[PDB]
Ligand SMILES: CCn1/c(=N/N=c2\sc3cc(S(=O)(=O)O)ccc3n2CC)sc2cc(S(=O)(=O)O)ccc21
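Read the single chain below, which is given as structure tokens and is the form deposited without the ligand.
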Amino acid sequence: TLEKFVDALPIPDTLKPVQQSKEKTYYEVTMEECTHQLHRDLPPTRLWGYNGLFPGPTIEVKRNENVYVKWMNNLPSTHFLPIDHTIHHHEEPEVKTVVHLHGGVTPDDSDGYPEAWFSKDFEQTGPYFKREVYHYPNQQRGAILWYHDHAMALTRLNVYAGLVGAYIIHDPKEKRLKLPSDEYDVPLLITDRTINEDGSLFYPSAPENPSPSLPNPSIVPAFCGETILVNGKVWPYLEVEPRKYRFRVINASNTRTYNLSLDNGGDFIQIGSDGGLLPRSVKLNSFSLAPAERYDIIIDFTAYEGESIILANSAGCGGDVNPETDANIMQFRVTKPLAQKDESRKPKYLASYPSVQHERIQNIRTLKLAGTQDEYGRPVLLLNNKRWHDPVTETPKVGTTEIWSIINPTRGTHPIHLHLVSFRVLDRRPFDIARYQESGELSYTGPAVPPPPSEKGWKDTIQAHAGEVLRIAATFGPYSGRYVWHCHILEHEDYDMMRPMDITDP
């Protein structure tokens, strides 16, 4: 049992360029086995880190800044987490990596395609690898992005090992809004972990009470960590000044969804979603945050000087939350003296509505969340009962707008992520699950519900709840090529709830 709120929240340093000109910014990031202490009372933990850090360095760019990152593997040839050899079938290395800039409006060969992996020093490369140095032209709205490993059949492990980091796009136009900035703009990467007494990470090599059918190790369909970390520390505290802060909240956990509140009942102000500023600020007492979602929020500590306020969590993982463990994320202490006047603002009017768009609907895809069961008895989670390797069926035309209607007859929520694009949420609508399973027929049991205000901006990872049809609309561009869409519960993604998405150009 690890005592809460005894370590200061780390704030990862901003990565510095290896070279930089007006025309181009060039970075190098090397994946390394490293060691860091995750809590005061734990021995140091073995981890895989971008530049030896967990989380990796925060990367800061401007809109349209012409960025290059050479992501390099300098990792050991064997993994320290349990590899399931049965889920994926010219011998390949055991350890493979590839970096996805999540939310990036990125050319396809710089997107971190799962089969564009590489081993150490690029010695072996996957069949879709094209380049060492990834290109991020950043021709997109200011927003909270994040970067993480995306390698075929290894994503859950490589991310759990520590390969996650923040990437912020600043649009200079935003600066007139005078949102809290500099030291008052802080990323919060939330990752749940289970840690052994000797400090080493625990990741299960099989489900609990394994049928002796199962290979060993075997993938599991879900992972819930006993402990919550923010920016690489267990249940940390952050000293803040009694003023407005902006927080870039990122769910970088494998499976766990959070439902966040402040334990004094105080409110957040949501200013942004995955795809950038909301049209209007939204005052919220709590919010849901599934894997890979980002909330850009203001918290105003002005009236709370001296207080300790816990960022709390009501969502369970595999059970009800426990008040003494996973009900806690971190603790704010409003005890830092003001370094200057708070000149920041919490404005109402942030940006254009998505509905200012009037694109023609080129196509409507109906998609279902399902799966089968393998030789060993395990669930294999599938998008439209296709395997990753089946020929591509999601094939939007570049420059066109589609509506995707995602049908979820399963028992749980799935956070669905589309690469390249951000999209708008149209509505959700409940249906008869038994009927749909029995007949394939979709019968609605209620009217369509528009998105809550949090989802009236631009999203790239979206919760598809059980027993609902979710509809989204996306314009596919500006690049054509081979991308992916998938569930972002990593245990599902790897087996095998991920499909190719080809954006075609005549």
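Only residues modelled in both forms are compared. What we label the rigid core is the largest C-alpha set whose atoms superpose within 1.5 Å from one form to the other. We number the residues from 1 along the sequence you see.
S.K.: Do a third or more of the other compared PDB entries fail to give coordinates for residue 183?
M.R.: No.
S.K.: As a check of understanding, is residue 89 unmodelled in at least a third of the other compared entries that model its flanking residues?
M.R.: Counting only entries that model residues on both sides, residue 89 is unresolved in at least a third of them.
S.K.: Count, per the entry, the deposited residues between residue 89 and residue 90 that are not modelled, and return the matching class: none, 1 to 3, 4 to 9, or 10 or more.
M.R.: Gap between residue 89 and residue 90: 4 to 9 unmodelled residues.
S.K.: So 339 to 347 or 425 to 433, which one's hotter by mean CA B-factor in the entry?
M.R.: In the deposited entry, the stretch with the higher C-alpha B-factor mean is 425 to 433.
S.K.: Comparing average C-alpha B factors as deposited, tell me which of 144 to 152 and 280 to 288 sits higher.
M.R.: Of 280 to 288 and 144 to 152, the stretch with the higher C-alpha B-factor average is 280 to 288.
S.K.: Quick one: which of 479, 458, 444, 50 shows the highest Cα temperature factor in the PDB entry?
M.R.: Within the set 479, 458, 444, 50, 444 shows the top C-alpha B-factor.
S.K.: Sort 116, 95, 168, 382 by C-alpha B-factor from the entry and give me just the highest.
M.R.: That would be 382, according to the entry.
S.K.: Sorting the chain's modelled residues by C-alpha B-factor, tell me whether residue 270 ends up in the lowest, middle or highest third.
M.R.: Middle third.
S.K.: Hey, what third does residue 370 fall into on Cα B-factor, ranked over its chain?
M.R.: It falls in the top third of the chain.
S.K.: Which third, lowest, middle or highest, does the CA B-factor of residue 36 fall in along this chain?
M.R.: For residue 36, the deposited C-alpha B-factor lands in the middle third.
S.K.: Ranking every modelled residue in this chain by its Cα temperature factor as given in the entry, which third contains residue 2?
M.R.: It falls in the top third of the chain.
S.K.: Ordered by C-alpha B-factor within the chain, which third holds residue 356? Give me lowest, middle or highest, please.
M.R.: According to the entry, residue 356 has a C-alpha B-factor in the chain's highest third.
Quick note: we don't show the form deposited with the ligand bound, though the next part is all about it.
S.K.: 81, 156 and 218 - do all three of these have some heavy atom no more than 4.5 Å from the ligand in the deposited complex?
M.R.: No, none of 81, 156 and 218 comes within 4.5 Å of the ligand in the deposited complex.
S.K.: Out of 434 to 442, 58 to 66, 474 to 482, 22 to 30, where are the residues with a heavy atom within 4.5 Å of the ligand in the deposited complex?
M.R.: Answer to the contact question: 474 to 482.
S.K.: Only one of 362, 355, 211, 139 has a non-hydrogen atom within 4.5 angstroms of the ligand in the deposited complex; which is it?
M.R.: Result of the distance check: 355.
S.K.: Of the options 401, 73, 270, 313, which one has a non-hydrogen atom that comes within 4.5 Å of the ligand in the deposited complex?
M.R.: Comparing distances to the ligand in the deposited complex, the residue within 4.5 Å is 401.
S.K.: At 4.5 Å between heavy atoms, is residue 48 in contact with the ligand in the deposited complex?
M.R.: The answer is no: residue 48 has no heavy atom within 4.5 Å of the ligand.
S.K.: Residue 428: heavy atom within 4.5 Å of the ligand in the deposited complex?
M.R.: Looking in the deposited complex, residue contacts with the ligand do not include residue 428, since no heavy atom lies within 4.5 Å.
S.K.: Do residue 424 and the ligand come within 4.5 Å of each other in the deposited complex, heavy atoms counted?
M.R.: Answer yes; at least one heavy atom of residue 424 falls within 4.5 Å of the ligand in the deposited complex.
S.K.: At a threshold of 2 angstroms on the CA positions, core aligned, which residue out of 395, 286, 357, 181 shifts between this form and the one not shown?
M.R.: Result of the superposition: 357 is the only one at 2 Å or more.
S.K.: After the core superposition, state the residue ranges of at least 3 consecutive residues in which each CA shifts by 2 Å or more between this form and the one not shown.
M.R.: Only one moving run appears between this form and the one not shown, namely 355 to 358.
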